[PDB]
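Worksheet for the structure shown next.
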Amino acid sequence: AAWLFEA
Amino acid sequence: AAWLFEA
Amino acid sequence: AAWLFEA
Amino acid sequence: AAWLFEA
Amino acid sequence: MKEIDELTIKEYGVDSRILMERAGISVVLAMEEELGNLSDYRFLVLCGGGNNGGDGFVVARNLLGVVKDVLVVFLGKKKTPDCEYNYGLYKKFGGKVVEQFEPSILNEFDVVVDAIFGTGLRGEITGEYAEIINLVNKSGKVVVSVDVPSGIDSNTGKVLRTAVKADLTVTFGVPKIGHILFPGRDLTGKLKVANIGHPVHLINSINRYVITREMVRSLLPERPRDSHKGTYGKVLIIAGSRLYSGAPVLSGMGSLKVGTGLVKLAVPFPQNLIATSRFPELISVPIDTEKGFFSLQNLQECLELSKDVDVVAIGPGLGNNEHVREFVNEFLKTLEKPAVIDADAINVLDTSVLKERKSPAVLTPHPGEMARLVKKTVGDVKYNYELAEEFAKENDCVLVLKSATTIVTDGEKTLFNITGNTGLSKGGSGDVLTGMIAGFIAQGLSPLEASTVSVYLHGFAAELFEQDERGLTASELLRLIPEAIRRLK
Amino acid sequence: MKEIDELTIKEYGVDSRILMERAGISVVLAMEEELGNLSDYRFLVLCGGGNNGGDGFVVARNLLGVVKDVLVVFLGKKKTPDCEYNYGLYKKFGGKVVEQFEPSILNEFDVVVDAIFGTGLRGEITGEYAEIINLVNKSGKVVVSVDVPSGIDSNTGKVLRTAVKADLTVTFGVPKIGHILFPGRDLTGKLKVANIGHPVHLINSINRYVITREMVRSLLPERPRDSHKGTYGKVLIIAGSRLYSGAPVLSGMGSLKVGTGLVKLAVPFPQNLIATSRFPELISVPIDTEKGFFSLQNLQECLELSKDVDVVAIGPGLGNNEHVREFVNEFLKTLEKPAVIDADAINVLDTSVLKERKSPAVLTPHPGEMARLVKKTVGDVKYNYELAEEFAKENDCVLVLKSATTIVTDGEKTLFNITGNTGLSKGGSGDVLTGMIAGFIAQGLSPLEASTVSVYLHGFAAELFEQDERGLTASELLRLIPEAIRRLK
Amino acid sequence: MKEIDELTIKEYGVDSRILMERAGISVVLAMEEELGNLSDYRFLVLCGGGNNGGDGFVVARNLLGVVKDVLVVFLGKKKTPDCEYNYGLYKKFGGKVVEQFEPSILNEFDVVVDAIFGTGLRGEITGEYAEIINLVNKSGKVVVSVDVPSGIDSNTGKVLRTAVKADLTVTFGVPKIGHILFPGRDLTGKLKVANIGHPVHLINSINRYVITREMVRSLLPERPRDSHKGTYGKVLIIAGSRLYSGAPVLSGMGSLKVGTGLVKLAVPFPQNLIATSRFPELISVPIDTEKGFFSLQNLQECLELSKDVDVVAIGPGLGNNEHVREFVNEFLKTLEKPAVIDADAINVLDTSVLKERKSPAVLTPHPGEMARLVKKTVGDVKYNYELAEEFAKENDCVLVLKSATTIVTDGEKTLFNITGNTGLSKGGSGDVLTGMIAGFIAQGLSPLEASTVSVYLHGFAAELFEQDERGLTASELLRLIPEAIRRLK
Ligand SMILES: CC(C)(COP(=O)(O)OP(=O)(O)OC[C@H]1O[C@@H](n2cnc3c(N)ncnc32)[C@H](O)[C@@H]1OP(=O)(O)O)[C@H](O)C(=O)NCCC(=O)NCCS
Ligand SMILES: CC(C)(COP(=O)(O)OP(=O)(O)OC[C@H]1O[C@@H](n2cnc3c(N)ncnc32)[C@H](O)[C@@H]1OP(=O)(O)O)[C@H](O)C(=O)NCCC(=O)NCCS
Ligand SMILES: CC(C)(COP(=O)(O)OP(=O)(O)OC[C@H]1O[C@@H](n2cnc3c(N)ncnc32)[C@H](O)[C@@H]1OP(=O)(O)O)[C@H](O)C(=O)NCCC(=O)NCCS
Ligand SMILES: Nc1ncnc2c1ncn2[C@@H]1O[C@H](COP(=O)(O)OP(=O)(O)OP(=O)(O)O)[C@@H](O)[C@H]1O
Ligand SMILES: Nc1ncnc2c1ncn2[C@@H]1O[C@H](COP(=O)(O)OP(=O)(O)OP(=O)(O)O)[C@@H](O)[C@H]1O
Ligand SMILES: Nc1ncnc2c1ncn2[C@@H]1O[C@H](COP(=O)(O)OP(=O)(O)OP(=O)(O)O)[C@@H](O)[C@H]1O
Ligand SMILES: [K+]
Ligand SMILES: [K+]
Ligand SMILES: [K+]
Ligand SMILES: [Mg+2]
Ligand SMILES: [Mg+2]
Ligand SMILES: [Mg+2]
């Protein structure tokens, strides 16, 4: 779930 | 529950 | 819910 | 939920 | 209700100001019930110069200091004394009134309170009143109508050129005819009837009624445990033809699903065999006809079949030609049993027959059939409860005038039914209702009682359908009747 | 509120009859809220000759035709105009009034509506009024009191020889002092305050307040994310002795549990070691004393410890002998920081010191300590909010007079606290509260605000205890404070 | 869409590289949506020399450093400019490219990204491209196709000798015909349509549509509450014969289940009795025939029955012999009502009749019936949307060409339906659809709208069947229509 965004 | 209002 | 009564 | 993809 | 307010004030001695205060606070409490906490909303209150607008000033005043914003637009020229009193209080409490309606004003408010016209509306709305109402209807704001949506004739439910479409209508003492008949029923949205202090005796002196769940539950016949089929009556249904073979079947099961003991159909051979192939619990007597329709040659056999029953239903699917007309009229003149008269039996009926009958009758026309029967237009008869009352009284019958709101009257008592949906706007629906009415009569209800219970339950059963209402058929309606009865108990 | 009714009528122009109608219907709606559907119950309405009894006639009239039975027993001699008007309406609507109370009459009713006396009661109730009220209290019927239970002095909460014990009291506009102070608080049962149409401006001109959840939530200080301990203040607590070694510990954690940054105790050696053995996050400075109690020889050290804090609390467990008295008074005369003064510091206080201080102070006496401080009896000072106001005003302080209802006043604003239970009637409870108040002051609340928030939260924490309240101890109360804060948000 | 890309670049000024980057990242996001976290997987990216392969280089590059392994096999000879640009970026970022496909290479990867050919494929795939695609299809790895599975003709859905079978296809801007028609629909697997930045105006200038839930919900007719059966229209169905007695019944209930008010069947006696024995809410008129089939002797009666309806459906179960042909053609030439023409009425139809009719018509052939009607082979007409468009335009009709993907066209607008399953590949299915279409026309939808809504809902109802689809029958489909309507709302 992290290709686009880091929290 | 009906002193004031009838449905 | 408070127009008529405060608890 | 549809800016990128239509099903 | 004009009578009821006047009497409460003039005879009982309740101050007009007390009635008006109670009306307005009832609107506030009703809005709170529907919206939740009121304190976040901004209220635009539209007040006329009458007592309706007076009620509106009471609403507005009681919101002051408790909600986000209130503004009154006063739209009249003069004010009744009570409206003037409550206007003065609204201003004394710090309230803002403008006398000019500006279209952009709708933008800054969440709820519109419609206190423009109540039961005092006479004549078409034109002018700037019409412009204002049309703007409110295009605004998409939440609309709460005081007493009746402005523009509805409270006596008929007709729109007087234009009317407010309300999400919530709060009316006082009793519902008005205009909330009950369409189009007004549609414009009312959700209806609350508030008790504003009229004596309960005056409220009950009303001669026209809405058919309620409690009324129907009290009329349902008893099922004593030590019973047998004869306890619950016997119905003959004279129905069907070579053209219309399904009608008998729907009428017959209609009677059986409401608890009738024995149901017998008289149907032209071989159409009579259709009934038992579907529901073998029906008795479907073959009638020998010349060309597939009842005629005078079947008179004597139908009279014989009638001797051993409690009620006869006639008309569904009979066809309408001269030979059916001669049969129907001679049978009904000679039959000394209650009759439920529907459909093609209504289309060929000689009303002089009704006057000469000793036994009772129920007539179940839709407005097309009613129009033919009194020689008027559909627009003349539709929702015309005074005409229905006159007809029931003159012909000594119960008249069930079918439509989305059904009218049931014997000429002294008139009841309005509001159960049902558009799934009943489909062939076969009426045929079921005819059977239900005959059935209840056979079980011991008077024609008026049987009619009242049947119209309610027929509509309520439609509402129990689990999928989209437009897909409802009469065969599914039948299946749902016993559920409607269970839920009613 | 006599002012508020008079002004609403005389200045705003609301008819007295409108107020009275709204009062009575509010009682009906309130009963329905508590009882459910009213229609099964039989109501005995007891009406005096005043406006309270007038309100009762309104209640009675509005039940006519809707419930199982209503009867009014009229107990007065004469009727005010509004009572006379509503009596007349009750009779015109078909209502039954008797003028004789017969003990067996209670047998035939389910609910007693007490509309005998309201805020007009003056003097002891004797005579047949007293007999009637005593019969109602022994009847075990459901009792609903109009405005205030009859027999309570609405200004003080005292019982005027005898009073009705109510399950439900419906009062109008605002709560009265008599609902808030005991014994009246106990006799009120569940209290509902109904809006009967007074302008919200008049209702808010009130100078005495009940401390509410919303008030406390709006006063809680902010916790900016980029903070450090100094952001949240620093407290010195001067406390304890060889006799009373626990008090420091409870006061200190009191400050820490409400979010204070740094808490420092000054406690006679070796009692100071008790604190950190229990809560090592406390700083507990050992003070060298001659005989286990603070004296003038510790004055300079305590002043030095005070330079680096925001607030000082003094008194819990100090003991009371002459040397403590000399210390306490000279310290407080010289300390230029806010002070929270409790317990033994109150017992030895010279009130002239308070008058000469430039810095603010909060005093937290129970009524025994208050009695000693003003040289009166406990009965003279208990619940005596006017005396507390006078004392706060004369001494330029905030006074927190502790009891089941706590009074907080600076002489201009007075607030009443009704949170808490009897688990707080146990040693150690007060010591925690002192710490809470100092803590909130250190965080930036004014003495009045800090006091208001602390008394509410201290009581609410007690109510969060999971087992029987009598088993609550101060150590458990401490654990519950952060839960009370969470729930408040 | 070639137009759409060219215009976006040449007229709107979006750089080709921006479109291509957005295409590739959309593939990555789509895979993540279907696979979860990508970081554990090894990706084999197969790139051609065109812009499809360019998109693939973008995919590959964006996986570098984030997933377990990426390898590109470049399979072309030359590269378009954008493919060359993205190849260069892939290498500059550290990516590995080989130019030789080795069968064992599949062993070391989890996901194959198919970026070999897109919409630029012309002609049969032979050679080593074919070998590679066949190896990928036998590999059992997860296959993600860029734009269209390689080997599908994007204009027709035909396989160009061999094609990739994809688990997931990500296409850009709009679906292509090749995703919608079979076999391509089967090879596409799950389809996602990504927005890559074309102006929404260009995307909406498309003249061919996929029938969606939102489109159908917006077309469903309104059910005004004050309605009666006539509000919802009246259908005549001319159907059945001694050979085919069930077809009338399925067509009729088809109309009733979609909310039509009145449905009348004309069916040769005694087959007409079959209908009401099953569904007594139908009117089933007996038609006297010589040998069990309609002929010219029934022309006048069928015209008379048509005067009082809104639409006529004709054809299901009529049989096909010369006398049926003479009847059907003379009836349709004379009928001045909309007609829905199905089954045997299509088999005997003279298309010159359609051209001379003033009133509208809908034709509902399967490809066998279409083939007969235009004198071509089934392979010539199946999925041939341009031929359907031409026929609809030349004959001024709506053509509904039934198959797993149904084509609905009036010659200007063409819609594709993808609801339904193989339970509809069973006798009786078409008969229901004919009734649904007539019904919606009777309710006020245009022939094109009625057709669009009906094909969608007929397929969706099939998908609501609770057990295995192969066991679906037309009688169960009927039961499910109102559920499909409910779910659509
Ligand atoms: C008496 C009663 C029949 C109607 O009186 P009303 O309530 O004052 O009437 P409304 O408020 O609806 O409207 C009255 C005014 O609206 C305006 N109005 C009516 N028809 C209009 C029209 N077609 N075009 C423009 N304005 C119109 C008129 O100004 C009318 O009086 P007017 O012609 O002298 O100007 C009614 O029963 C009533 O008085 N009260 C209703 C119950 C209630 O509100 N309870 C509280 C206690 S009063
Ligand atoms: C004016 C106000 C201060 C008191 O007036 P009131 O409400 O009429 O007073 P009550 O009803 O409590 O009782 C008044 C009467 O009770 C009786 N009463 C009072 N003390 C009594 C005693 N100790 N022994 C016996 N009877 C007594 C008296 O008869 C007194 O008047 P009286 O001495 O002339 O006989 C009060 O604020 C008020 O008028 N209304 C309260 C709010 C309200 O009810 N709202 C509605 C609108 S009025
Ligand atoms: C222009 C467009 C119609 C086709 O161009 P394309 O995308 O480069 O075409 P593809 O990638 O599918 O394939 C093109 C090449 O595949 C190869 N190819 C085509 N048919 C073949 C065959 N039957 N056998 C072997 N190779 C073949 C060819 O090499 C062809 O060009 P060539 O004959 O000169 O060698 C297309 O609309 C397009 O350019 N882009 C699609 C949308 C997109 O990807 N968006 C991003 C922005 S470009
Ligand atoms: N929109 C609606 N809302 C509520 N009830 C309705 C609606 N439309 C029709 N009905 C009810 O359905 C029944 C219709 O019977 P009616 O005889 O009027 O029509 P029908 O088509 O002739 O039925 P049948 O074919 O059995 O004679 C009536 O009870 C009517 O009140
Ligand atoms: N019944 C009660 N209901 C609510 N609050 C109460 C009750 N009894 C006591 N309290 C509260 O508990 C606290 C008692 O503190 P106080 O100083 O008056 O008694 P204490 O025994 O001296 O406690 P400490 O030993 O800590 O000094 C006060 O806040 C008081 O208001
Ligand atoms: N595999 C499938 N997927 C989706 N829809 C299908 C499938 N097979 C058939 N259908 C649909 O079912 C219906 C078949 O009707 P058609 O008239 O073509 O066949 P039929 O056997 O003649 O039915 P009938 O006997 O009623 O005439 C059409 O709507 C068609 O689109
Ligand atoms: K109104
Ligand atoms: K009282
Ligand atoms: K591809
Ligand atoms: Mg009918
Ligand atoms: Mg203390
Ligand atoms: Mg077919």
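A note on labels: chains of the structure tokens are A, B, ... as shown, every chain counts residues from 1, and ligands are counted from 1 in their shown order.
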message: Residues within 6 Å of residue 367 (chain F), please, as a VMD selection string. Count only C-alpha atoms; anything in the same chain fewer than 3 positions from it doesn't count.
response: chain F and resid 370 to 371 378 382
For chain C, which residues have at least one atom within 6 Å of chain F, if we go by only C-alpha atoms? Write them as a PDB file with N, CA and C atoms, in the first residue's frame, please.
```
ATOM      1  N   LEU C   4     -36.718  22.500  24.876  1.00  0.00           N
ATOM      2  CA  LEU C   4     -37.666  22.569  25.986  1.00  0.00           C
ATOM      3  C   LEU C   4     -37.032  22.389  27.384  1.00  0.00           C
ATOM      4  N   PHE C   5     -36.121  21.420  27.516  1.00  0.00           N
ATOM      5  CA  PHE C   5     -35.624  21.002  28.823  1.00  0.00           C
ATOM      6  C   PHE C   5     -34.112  21.091  28.921  1.00  0.00           C
ATOM      7  N   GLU C   6     -33.625  21.681  30.008  1.00  0.00           N
ATOM      8  CA  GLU C   6     -32.283  21.391  30.549  1.00  0.00           C
ATOM      9  C   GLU C   6     -32.353  20.299  31.654  1.00  0.00           C
ATOM     10  N   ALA C   7     -31.455  19.319  31.540  1.00  0.00           N
ATOM     11  CA  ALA C   7     -31.197  18.324  32.626  1.00  0.00           C
ATOM     12  C   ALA C   7     -30.466  19.033  33.747  1.00  0.00           C
TER      13      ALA C   7
END
```
message: Can you pull out the residues contacting residue 86 (chain F)? Cut-off 12 Å, using only C-alpha atoms, and skip same-chain residues under 6 positions away; I want them as a PyMOL selection string.
response: (chain E and resi 12-15+18) or (chain F and resi 16-18+20-21+24+47+49-62+79-80+92-93+95)
All residues having an atom within 9 Å of ligand 4 (only C-alpha atoms and all ligand atoms) as an NGL selection string: (:E and (247 or 250-251 or 316-317 or 342-344 or 364-369 or 400-407 or 417-434 or 455 or 458-459 or 462 or 474)) or (:G and (223-230 or 261-262 or 281-283))
query: Could you pull out the strand (DSSP E or B) residues of region 194-417 of chain E from DSSP and send them as a PyMOL selection string?
result: chain E and resi 194+208-210+234-238+262-268+283-287+311-314+339-341+361-363+398-401+406-409+414-417
message: Between atom 3 (N, counted along the ligand's line) of ligand 6 and CA of residue 354 (chain G), what distance in Å does the model show, to one decimal?
response: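 Result for atom 3 (N, counted along the ligand's line) of ligand 6 versus CA of residue 354 (chain G): 28.6 Å, one decimal.
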message: Among region 169-363 of chain F, which residues does DSSP mark as helix (DSSP H, G or I) when it is run on the backbone? Keep the chain and numbering as in the structure and answer as a PyMOL selection string.
response: chain F and resi 177-180+184-188+200-203+213-219+229-232+247-257+272-278+296-306+322-334+343-347+351-356
